[PDB]
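Summary of structural features
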Amino acid sequence: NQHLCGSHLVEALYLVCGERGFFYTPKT
Amino acid sequence: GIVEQXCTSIXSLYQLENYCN
């Protein structure tokens, strides 16, 4: 339905990944 | 990368979780 862009994307990563942080491409 | 997958295209919570450390 909706696209995740801009500040919305970074804030969603904050919640989904939590304190562990994230990568620019998947680690597997 | 993620802009293509999530902003230009549609990405699920499952795909977003693949970027987590």
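The rules behind each value
Positions along each chain are numbered from 1 by the written sequence. They may not match the entry numbering, and residues without coordinates are not shown. As they are written, the chains are lettered A onward and the ligands numbered 1 onward, keeping that order. Side-chain metrics rest on all non-hydrogen atoms present in the structure, leaving aside hydrogens and water. Residues with missing side-chain atoms are left out of burial classes, side-chain pairs and their counts. Disulfides are defined as pairs of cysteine sulfur atoms found within 2.5 Å of each other. To qualify as a helix, a DSSP run of H or I must reach at least 4 residues; to qualify as a strand, a run of E must reach at least 2; elements of each kind are numbered from the N terminus. Per-residue accessibility, obtained with a 1.4 Å probe over protein chains only, is compared with the maximum for each type, and a residue is labelled buried under 20%, exposed over 50%, and partly exposed between these values. Remark: nonpolar core denotes a set of buried residues (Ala, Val, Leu, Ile, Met, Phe, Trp, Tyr, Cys) joined through side-chain atoms within 4.5 Å. Take the number of residues in a helix, subtract one, and multiply by 1.5 Å to get its expected span. To obtain the arc, one takes the directions from the helix axis to the C-beta atoms.

X-ray crystallography is the method the PDB entry lists for this structure, together with a resolution of 1.821 Å.

1. A word on the state of the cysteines
Put plainly, two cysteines are in a disulfide when a covalent bond ties their sulfur atoms together. For the structure on display, the rule yields two disulfides over all chains. Sulfur-sulfur distance for the disulfide between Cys5(A) and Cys7(B) comes to 2.0 Å. Measuring the twist about the S-S bond at about 100°, one finds the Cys5(A)-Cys7(B) disulfide to be right-handed. Note that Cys5(A) is positioned in the segment before helix 1 (6-17) and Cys7(B) in helix 1 (residues 2-8), a pairing that runs across two chains. Take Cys7(B): its relative accessible area is 22%, and that puts it in the partly exposed class. Each sulfur of the disulfide joining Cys17(A) and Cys20(B) lies 2.1 Å from the other. An S-S torsion of about -75° defines the bridge between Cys17(A) and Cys20(B) as left-handed. One end of the pair, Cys17(A), is in helix 1; the other, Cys20(B), is in the segment after helix 2 (13-17), on a second chain.

2. What to know about the nonpolar core
If you look at the biggest cluster of nonpolar residues, it comprises nine residues: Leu4(A), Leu9(A), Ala12(A), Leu13(A), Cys17(A), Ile2(B), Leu16(B), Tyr19(B) and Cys20(B). For this core, the element with the highest residue contribution is helix 1 of chain A, accounting for four residues.

3. A short note on helix 1 of chain A
Helical geometry: 3.6 residues make up each α-helical turn, so side chains three or four residues apart lie on a common side. All names here are of chain A. Its twelve residues give helix 1 an end-to-end C-alpha distance of 17 Å, which sits within 8% of 16 Å, the value for a rise of 1.5 Å per residue. Among the residues of helix 1, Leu-9, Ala-12, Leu-13 and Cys-17 are the ones counted as buried. The arc that holds every buried residue of helix 1, seen down its axis, measures 105°, which confines them to one face. Projecting away from the buried face of helix 1 at angles above 90 degrees are the exposed residues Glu-11, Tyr-14 and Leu-15.

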